[PDB]
file run.pdb (PDB, C-alpha atoms)
ATOM      1  CA  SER B  99       0.000   0.000   0.000
ATOM      2  CA  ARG B 100       2.201   2.818   1.341
ATOM      3  CA  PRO B 101       5.952   3.014   0.642
ATOM      4  CA  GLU B 102       8.068   0.154   1.889
ATOM      5  CA  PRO B 103      10.449   1.337   4.649
ATOM      6  CA  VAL B 104      14.196   1.351   4.048
ATOM      7  CA  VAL B 105      15.937  -0.553   6.823
ATOM      8  CA  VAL B 106      19.420   0.128   8.138
ATOM      9  CA  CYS B 107      21.268  -1.923  10.735
ATOM     10  CA  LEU B 108      24.366  -0.417  12.342
ATOM     11  CA  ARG B 109      26.329  -2.965  14.403
ATOM     12  CA  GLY B 110      29.756  -3.213  15.979
ATOM     13  CA  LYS B 111      31.715  -2.894  19.198
ATOM     14  CA  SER B 112      30.332  -1.038  22.188
ATOM     15  CA  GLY B 113      31.001   2.690  22.085
ATOM     16  CA  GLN B 114      32.923   2.579  18.796
ATOM     17  CA  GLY B 115      30.448   4.647  16.835
ATOM     18  CA  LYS B 116      27.310   2.759  15.904
ATOM     19  CA  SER B 117      25.049   4.701  18.279
ATOM     20  CA  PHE B 118      26.415   8.094  17.288
ATOM     21  CA  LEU B 119      26.021   7.166  13.624
ATOM     22  CA  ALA B 120      22.475   5.928  14.218
ATOM     23  CA  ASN B 121      21.526   9.355  15.553
ATOM     24  CA  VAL B 122      23.389  11.294  12.866
ATOM     25  CA  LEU B 123      21.836   9.249  10.086
ATOM     26  CA  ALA B 124      18.334   9.619  11.520
ATOM     27  CA  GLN B 125      18.580  13.413  11.735
ATOM     28  CA  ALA B 126      20.242  13.627   8.321
ATOM     29  CA  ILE B 127      17.412  11.652   6.707
ATOM     30  CA  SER B 128      14.778  13.630   8.631
ATOM     31  CA  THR B 129      16.401  16.846   7.419
ATOM     32  CA  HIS B 130      16.507  15.804   3.773
ATOM     33  CA  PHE B 131      12.849  14.742   3.617
ATOM     34  CA  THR B 132      11.211  17.181   6.070
ATOM     35  CA  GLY B 133      13.689  20.070   6.114
ATOM     36  CA  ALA B 134      14.508  19.675   9.814
ATOM     37  CA  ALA B 135      16.051  17.082  12.095
ATOM     38  CA  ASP B 136      13.135  16.360  14.402
ATOM     39  CA  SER B 137      11.046  13.893  12.361
ATOM     40  CA  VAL B 138      12.583  10.992  14.317
ATOM     41  CA  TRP B 139      10.746   8.574  16.608
ATOM     42  CA  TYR B 140      12.825   6.512  19.059
ATOM     43  CA  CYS B 141      11.197   3.192  19.869
ATOM     44  CA  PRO B 142      10.833   3.040  23.671
ATOM     45  CA  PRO B 143      11.846  -0.001  25.749
ATOM     46  CA  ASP B 144       8.233  -1.239  25.935
ATOM     47  CA  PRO B 145       6.391  -0.582  22.647
ATOM     48  CA  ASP B 146       3.068  -0.468  24.534
ATOM     49  CA  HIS B 147       1.048   2.155  22.662
ATOM     50  CA  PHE B 148       3.654   3.755  20.345
ATOM     51  CA  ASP B 149       3.337   7.004  22.270
ATOM     52  CA  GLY B 150       4.218  10.016  20.159
ATOM     53  CA  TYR B 151       4.450   8.167  16.857
ATOM     54  CA  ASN B 152       3.143  10.407  14.105
ATOM     55  CA  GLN B 153       4.403   8.882  10.863
ATOM     56  CA  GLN B 154       7.848  10.348  11.456
ATOM     57  CA  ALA B 155      10.325  10.122   8.613
ATOM     58  CA  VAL B 156      12.692   7.943  10.654
ATOM     59  CA  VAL B 157      12.187   5.322  13.372
ATOM     60  CA  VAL B 158      15.203   4.391  15.507
ATOM     61  CA  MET B 159      15.433   1.160  17.501
ATOM     62  CA  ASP B 160      18.256   0.921  19.985
ATOM     63  CA  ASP B 161      20.106  -2.327  20.682
ATOM     64  CA  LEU B 162      17.721  -4.458  18.655
ATOM     65  CA  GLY B 163      17.761  -8.001  19.990
ATOM     66  CA  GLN B 164      19.246  -7.416  23.446
ATOM     67  CA  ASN B 165      16.154  -8.189  25.558
ATOM     68  CA  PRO B 166      15.732 -12.001  25.629
ATOM     69  CA  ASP B 167      11.944 -11.640  25.956
ATOM     70  CA  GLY B 168      12.032 -10.051  22.522
ATOM     71  CA  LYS B 169       9.280  -7.460  22.231
ATOM     72  CA  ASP B 170      11.552  -5.433  19.935
ATOM     73  CA  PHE B 171      11.885  -8.099  17.236
ATOM     74  CA  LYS B 172       8.108  -8.580  17.201
ATOM     75  CA  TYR B 173       7.178  -4.983  16.349
ATOM     76  CA  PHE B 174      10.171  -4.584  14.028
ATOM     77  CA  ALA B 175       8.990  -7.655  12.114
ATOM     78  CA  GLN B 176       5.576  -6.045  11.652
ATOM     79  CA  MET B 177       7.003  -2.697  10.516
ATOM     80  CA  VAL B 178       8.738  -4.502   7.663
ATOM     81  CA  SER B 179       5.713  -6.731   7.148
ATOM     82  CA  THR B 180       4.165  -7.527   3.773
ATOM     83  CA  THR B 181       0.805  -6.374   5.172
ATOM     84  CA  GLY B 182       0.329  -2.848   6.488
ATOM     85  CA  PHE B 183       1.266  -2.647  10.178
ATOM     86  CA  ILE B 184      -1.250  -0.724  12.260
ATOM     87  CA  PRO B 185       0.536   0.317  15.470
ATOM     88  CA  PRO B 186      -1.394   0.335  18.743
ATOM     89  CA  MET B 187      -2.264   3.905  19.718
ATOM     90  CA  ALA B 188      -3.659   5.258  22.988
ATOM     91  CA  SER B 189      -6.327   7.717  21.836
ATOM     92  CA  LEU B 190      -9.299   6.758  19.678
ATOM     93  CA  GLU B 191      -8.318   9.644  17.387
ATOM     94  CA  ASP B 192      -5.018   7.986  16.403
ATOM     95  CA  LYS B 193      -6.129   4.345  16.349
ATOM     96  CA  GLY B 194      -6.053   2.747  12.921
ATOM     97  CA  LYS B 195      -3.444   5.132  11.525
ATOM     98  CA  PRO B 196      -0.994   3.054   9.469
ATOM     99  CA  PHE B 197       2.673   2.843  10.279
ATOM    100  CA  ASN B 198       4.278   5.010   7.588
ATOM    101  CA  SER B 199       7.934   5.921   8.173
ATOM    102  CA  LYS B 200      10.509   6.206   5.406
ATOM    103  CA  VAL B 201      13.524   4.693   7.162
ATOM    104  CA  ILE B 202      13.980   2.298  10.091
ATOM    105  CA  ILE B 203      17.405   2.407  11.744
ATOM    106  CA  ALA B 204      18.417  -0.296  14.219
ATOM    107  CA  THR B 205      21.555  -0.449  16.292
ATOM    108  CA  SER B 206      22.605  -3.956  17.245
ATOM    109  CA  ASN B 207      25.274  -5.608  19.387
ATOM    110  CA  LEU B 208      24.633  -8.969  17.707
ATOM    111  CA  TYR B 209      27.282 -10.848  15.743
ATOM    112  CA  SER B 210      26.681 -11.568  12.065
ATOM    113  CA  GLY B 211      28.700 -14.414  10.553
ATOM    114  CA  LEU B 223      15.761 -11.319   9.730
ATOM    115  CA  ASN B 224      19.119 -10.028   8.535
ATOM    116  CA  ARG B 225      17.544 -10.449   5.070
ATOM    117  CA  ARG B 226      15.219  -7.557   5.992
ATOM    118  CA  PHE B 227      18.080  -5.009   6.118
ATOM    119  CA  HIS B 228      18.813  -2.996   2.983
ATOM    120  CA  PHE B 229      21.980  -1.674   4.659
ATOM    121  CA  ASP B 230      23.839  -3.733   7.276
ATOM    122  CA  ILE B 231      27.051  -2.047   8.415
ATOM    123  CA  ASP B 232      29.653  -2.865  11.066
ATOM    124  CA  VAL B 233      31.033   0.305  12.670
ATOM    125  CA  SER B 234      34.430   0.413  14.385
ATOM    126  CA  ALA B 235      36.830   3.118  15.539
ATOM    127  CA  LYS B 236      40.006   3.667  13.533
ATOM    128  CA  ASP B 237      43.314   3.775  15.362
ATOM    129  CA  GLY B 238      43.883   7.532  15.270
ATOM    130  CA  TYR B 239      40.493   8.013  16.980
ATOM    131  CA  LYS B 240      40.481   5.161  19.495
ATOM    132  CA  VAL B 241      40.973   5.723  23.233
ATOM    133  CA  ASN B 242      40.636   2.822  25.692
ATOM    134  CA  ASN B 243      38.824   0.670  23.131
ATOM    135  CA  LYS B 244      36.248   3.393  22.435
ATOM    136  CA  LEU B 245      35.777   6.040  19.774
ATOM    137  CA  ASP B 246      37.367   9.339  20.753
ATOM    138  CA  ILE B 247      34.252  11.315  19.918
ATOM    139  CA  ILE B 248      35.760  14.688  20.826
ATOM    140  CA  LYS B 249      38.561  14.169  18.303
ATOM    141  CA  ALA B 250      36.069  12.666  15.824
ATOM    142  CA  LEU B 251      33.877  15.799  16.025
ATOM    143  CA  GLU B 252      36.760  18.258  15.643
ATOM    144  CA  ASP B 253      36.155  20.648  12.751
ATOM    145  CA  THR B 254      38.542  20.091   9.857
ATOM    146  CA  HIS B 255      37.567  23.483   8.302
ATOM    147  CA  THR B 256      36.876  21.570   5.070
ATOM    148  CA  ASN B 257      33.859  22.690   3.069
ATOM    149  CA  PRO B 258      30.681  21.222   4.621
ATOM    150  CA  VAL B 259      28.483  18.755   2.758
ATOM    151  CA  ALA B 260      24.707  18.691   2.157
ATOM    152  CA  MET B 261      22.781  19.369   5.390
ATOM    153  CA  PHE B 262      25.857  19.068   7.579
ATOM    154  CA  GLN B 263      27.059  22.333   9.108
ATOM    155  CA  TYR B 264      30.764  21.408   9.130
ATOM    156  CA  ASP B 265      33.103  18.544   8.266
ATOM    157  CA  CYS B 266      34.677  16.204  10.792
ATOM    158  CA  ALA B 267      36.335  12.798  10.961
ATOM    159  CA  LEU B 268      33.184  11.156  12.275
ATOM    160  CA  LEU B 269      31.399  12.103   9.073
ATOM    161  CA  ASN B 270      34.154  11.946   6.424
ATOM    162  CA  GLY B 271      35.478   8.439   7.181
ATOM    163  CA  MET B 272      38.713   9.146   9.028
ATOM    164  CA  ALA B 273      37.355   8.349  12.503
ATOM    165  CA  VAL B 274      35.271   5.226  11.921
ATOM    166  CA  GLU B 275      35.475   2.200   9.658
ATOM    167  CA  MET B 276      32.312   1.058   7.930
ATOM    168  CA  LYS B 277      32.171  -2.559   6.730
ATOM    169  CA  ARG B 278      29.070  -3.395   4.718
ATOM    170  CA  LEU B 279      27.759  -6.902   5.452
ATOM    171  CA  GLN B 280      26.641  -8.479   2.185
ATOM    172  CA  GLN B 281      23.864 -10.963   1.449
ATOM    173  CA  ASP B 282      25.216 -12.385  -1.830
ATOM    174  CA  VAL B 283      28.834 -13.392  -2.513
ATOM    175  CA  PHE B 284      29.556 -12.621  -6.182
ATOM    176  CA  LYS B 285      26.759 -10.083  -6.603
ATOM    177  CA  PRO B 286      28.264  -7.677  -4.079
ATOM    178  CA  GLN B 287      26.602  -4.369  -3.299
ATOM    179  CA  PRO B 288      29.222  -1.588  -3.346
ATOM    180  CA  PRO B 289      31.116  -0.549  -0.210
ATOM    181  CA  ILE B 290      29.748   2.231   1.972
ATOM    182  CA  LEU B 291      32.676   4.113   3.407
ATOM    183  CA  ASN B 292      31.516   7.200   5.279
ATOM    184  CA  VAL B 293      28.399   8.903   6.627
ATOM    185  CA  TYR B 294      28.040  11.248   3.651
ATOM    186  CA  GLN B 295      27.834   8.283   1.283
ATOM    187  CA  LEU B 296      25.565   6.266   3.579
ATOM    188  CA  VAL B 297      23.179   9.225   3.780
ATOM    189  CA  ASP B 298      23.065   9.517  -0.012
ATOM    190  CA  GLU B 299      22.543   5.777  -0.496
ATOM    191  CA  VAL B 300      19.626   5.720   1.949
ATOM    192  CA  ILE B 301      18.108   8.842   0.364
ATOM    193  CA  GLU B 302      18.412   7.275  -3.092
ATOM    194  CA  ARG B 303      16.765   4.065  -1.905
ATOM    195  CA  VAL B 304      13.934   5.905  -0.155
ATOM    196  CA  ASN B 305      13.378   7.871  -3.369
ATOM    197  CA  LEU B 306      13.009   4.597  -5.306
ATOM    198  CA  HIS B 307      10.611   3.117  -2.751
ATOM    199  CA  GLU B 308       8.438   6.252  -2.814
ATOM    200  CA  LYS B 309       8.421   6.573  -6.609
ATOM    201  CA  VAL B 310       7.307   2.963  -7.187
ATOM    202  CA  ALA B 311       4.593   3.505  -4.569
ATOM    203  CA  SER B 312       3.385   6.875  -5.948
ATOM    204  CA  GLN B 313       3.840   6.512  -9.734
ATOM    205  CA  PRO B 314       0.855   4.569 -11.127
ATOM    206  CA  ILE B 315       1.124   1.926 -13.806
ATOM    207  CA  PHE B 316      -2.402   2.898 -14.878
ATOM    208  CA  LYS B 317      -3.956   6.338 -15.229
ATOM    209  CA  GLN B 318      -5.641   7.032 -11.905
TER     210      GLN B 318
END
call {"tool": "encode", "arguments": {"input": "run.pdb", "output": "structure tokens"}}
result
Amino acid sequence: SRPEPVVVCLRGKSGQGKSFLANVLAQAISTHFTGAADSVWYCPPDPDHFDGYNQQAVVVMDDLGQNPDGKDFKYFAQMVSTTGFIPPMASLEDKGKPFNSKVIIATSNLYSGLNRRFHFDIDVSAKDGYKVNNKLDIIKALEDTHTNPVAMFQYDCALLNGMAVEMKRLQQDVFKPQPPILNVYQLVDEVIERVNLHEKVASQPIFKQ
């Protein structure tokens, strides 16, 4: 019915970037499609009634798969359902409103040797020049390079341009490999391009309507 969501998984070692990149990507995508960074809904620990969900551009799910009881997988599975997920809402006014977000971004601490539902699956690690006691040195990674800024980003820094963090795209096929994704700027453009495709196939009719 509505556009199929584009799904991004960012995984890797604790505190080596995946969470920071989740938040940067979410706000970047929100900004491209709505003009501002606030069309982001963060899935709460207990997806009881989807409080505050309003068809935001981006849904973020933290640490997907870390609660053994597994409420998070259940709703995630529906969001990327074949049928149109209708989230539970508290007020009669909002009940029945379809789930309609452009991008779902999950962070995960899980190893990858379900996953077939991710359009982008990326391991995030800190590079040596930006690594301090086994964690990303985020202060150094956010230092302004005074390079020309890019797209919606206000300045350039190692976190965004690829010097601070290593992205390793996890691939489904073996000799049909999707191209590498090497920094945030490129990841943002790849997700935008894929959302554009999903929305065009869902809005451009085959038959005159």
call {"tool": "resolve_selection", "arguments": {"input": "run.pdb", "expression": "the PyMOL selection byres ((chain B and resi 269) around 9)", "output": "list in words"}}
result
residues 119, 122, 250, 251, 265, 266, 267, 268, 270, 271, 272, 273, 274, 292, 293 and 294 of chain B
call {"tool": "residues_near_point", "arguments": {"input": "run.pdb", "point": "(18.7, 12.3, 6.0)", "cutoff": "9 Å", "atoms": "all atoms listed in the file", "output": "PDB file with C-alpha atoms, keeping the file's coordinate frame"}}
result
ATOM      1  CA  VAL B 122      23.389  11.294  12.866  1.00  0.00           C
ATOM      2  CA  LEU B 123      21.836   9.249  10.086  1.00  0.00           C
ATOM      3  CA  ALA B 124      18.334   9.619  11.520  1.00  0.00           C
ATOM      4  CA  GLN B 125      18.580  13.413  11.735  1.00  0.00           C
ATOM      5  CA  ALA B 126      20.242  13.627   8.321  1.00  0.00           C
ATOM      6  CA  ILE B 127      17.412  11.652   6.707  1.00  0.00           C
ATOM      7  CA  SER B 128      14.778  13.630   8.631  1.00  0.00           C
ATOM      8  CA  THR B 129      16.401  16.846   7.419  1.00  0.00           C
ATOM      9  CA  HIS B 130      16.507  15.804   3.773  1.00  0.00           C
ATOM     10  CA  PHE B 131      12.849  14.742   3.617  1.00  0.00           C
ATOM     11  CA  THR B 132      11.211  17.181   6.070  1.00  0.00           C
ATOM     12  CA  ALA B 135      16.051  17.082  12.095  1.00  0.00           C
ATOM     13  CA  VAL B 156      12.692   7.943  10.654  1.00  0.00           C
ATOM     14  CA  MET B 261      22.781  19.369   5.390  1.00  0.00           C
ATOM     15  CA  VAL B 297      23.179   9.225   3.780  1.00  0.00           C
ATOM     16  CA  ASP B 298      23.065   9.517  -0.012  1.00  0.00           C
ATOM     17  CA  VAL B 300      19.626   5.720   1.949  1.00  0.00           C
ATOM     18  CA  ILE B 301      18.108   8.842   0.364  1.00  0.00           C
TER      19      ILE B 301
END
call {"tool": "resolve_selection", "arguments": {"input": "run.pdb", "expression": "the PyMOL selection byres ((chain B and resi 175-185) around 9)", "output": "ChimeraX atom specification"}}
result
/B:99-100,102-105,147-148,151,170-174,186-187,193-199,202,223,226
call {"tool": "closest_residue", "arguments": {"input": "run.pdb", "among": "B:231, B:201, B:134, B:120", "to": "residue 305 of chain B", "atoms": "only C-alpha atoms"}}
result
B:201
call {"tool": "axis_aligned_box", "arguments": {"input": "run.pdb", "around": "segment 193-204 of chain B", "padding_each_side": "8 Å", "output": "lines of an AutoDock Vina configuration file"}}
result
center_x = 6.1
center_y = 3.0
center_z = 10.9
size_x = 40.5
size_y = 22.5
size_z = 26.9
call {"tool": "decode", "arguments": {"input": "run.pdb", "residues": "segment 289-317 of chain B", "atoms": "N, CA and C atoms", "output": "compact mmCIF listing (two decimals), in the first residue's frame"}}
result
# COMPACT_ATOMS: atom_id res chain seq x y z
N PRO B 289 30.78 -0.94 -1.58
CA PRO B 289 31.12 -0.55 -0.21
C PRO B 289 30.52 0.81 0.14
N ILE B 290 30.22 0.97 1.42
CA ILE B 290 29.75 2.23 1.97
C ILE B 290 30.78 2.68 2.99
N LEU B 291 31.41 3.82 2.75
CA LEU B 291 32.68 4.11 3.41
C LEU B 291 32.62 5.25 4.40
N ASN B 292 31.69 6.19 4.25
CA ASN B 292 31.52 7.20 5.28
C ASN B 292 30.05 7.62 5.38
N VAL B 293 29.77 8.50 6.35
CA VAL B 293 28.40 8.90 6.63
C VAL B 293 27.80 9.62 5.42
N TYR B 294 28.57 10.50 4.79
CA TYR B 294 28.04 11.25 3.65
C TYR B 294 27.49 10.27 2.61
N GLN B 295 28.26 9.24 2.29
CA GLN B 295 27.83 8.28 1.28
C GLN B 295 26.65 7.47 1.77
N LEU B 296 26.68 7.02 3.03
CA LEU B 296 25.57 6.27 3.58
C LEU B 296 24.30 7.09 3.52
N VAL B 297 24.36 8.37 3.87
CA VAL B 297 23.18 9.22 3.78
C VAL B 297 22.65 9.25 2.35
N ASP B 298 23.54 9.42 1.37
CA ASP B 298 23.07 9.52 -0.01
C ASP B 298 22.51 8.19 -0.52
N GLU B 299 23.06 7.07 -0.09
CA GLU B 299 22.54 5.78 -0.50
C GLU B 299 21.16 5.52 0.07
N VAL B 300 20.95 5.88 1.34
CA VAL B 300 19.63 5.72 1.95
C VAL B 300 18.61 6.67 1.31
N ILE B 301 18.99 7.93 1.08
CA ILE B 301 18.11 8.84 0.36
C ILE B 301 17.73 8.25 -0.99
N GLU B 302 18.72 7.80 -1.76
CA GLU B 302 18.41 7.28 -3.09
C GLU B 302 17.45 6.09 -3.00
N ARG B 303 17.62 5.24 -2.00
CA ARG B 303 16.76 4.07 -1.90
C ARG B 303 15.37 4.45 -1.46
N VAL B 304 15.26 5.41 -0.54
CA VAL B 304 13.93 5.90 -0.15
C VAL B 304 13.23 6.53 -1.36
N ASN B 305 13.99 7.26 -2.19
CA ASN B 305 13.38 7.87 -3.37
C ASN B 305 12.79 6.81 -4.30
N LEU B 306 13.50 5.69 -4.47
CA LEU B 306 13.01 4.60 -5.31
C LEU B 306 11.74 3.99 -4.72
N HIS B 307 11.77 3.68 -3.43
CA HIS B 307 10.61 3.12 -2.75
C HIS B 307 9.40 4.02 -2.88
N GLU B 308 9.58 5.34 -2.72
CA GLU B 308 8.44 6.25 -2.81
C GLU B 308 7.95 6.46 -4.25
N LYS B 309 8.85 6.42 -5.22
CA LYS B 309 8.42 6.57 -6.61
C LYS B 309 7.61 5.36 -7.09
N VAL B 310 8.06 4.14 -6.76
CA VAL B 310 7.31 2.96 -7.19
C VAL B 310 5.96 2.91 -6.47
N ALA B 311 5.87 3.51 -5.28
CA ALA B 311 4.59 3.50 -4.57
C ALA B 311 3.68 4.66 -4.97
N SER B 312 4.21 5.73 -5.57
CA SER B 312 3.39 6.88 -5.95
C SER B 312 3.15 7.01 -7.45
N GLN B 313 3.99 6.40 -8.29
CA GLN B 313 3.84 6.51 -9.73
C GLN B 313 2.95 5.38 -10.22
N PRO B 314 1.75 5.66 -10.71
CA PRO B 314 0.85 4.57 -11.13
C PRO B 314 1.31 3.91 -12.42
N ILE B 315 1.02 2.61 -12.53
CA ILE B 315 1.12 1.93 -13.81
C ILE B 315 -0.02 2.35 -14.72
N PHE B 316 -1.18 2.61 -14.14
CA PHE B 316 -2.40 2.90 -14.88
C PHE B 316 -2.91 4.28 -14.50
N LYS B 317 -3.46 4.99 -15.47
CA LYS B 317 -3.96 6.34 -15.23
C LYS B 317 -5.00 6.31 -14.13
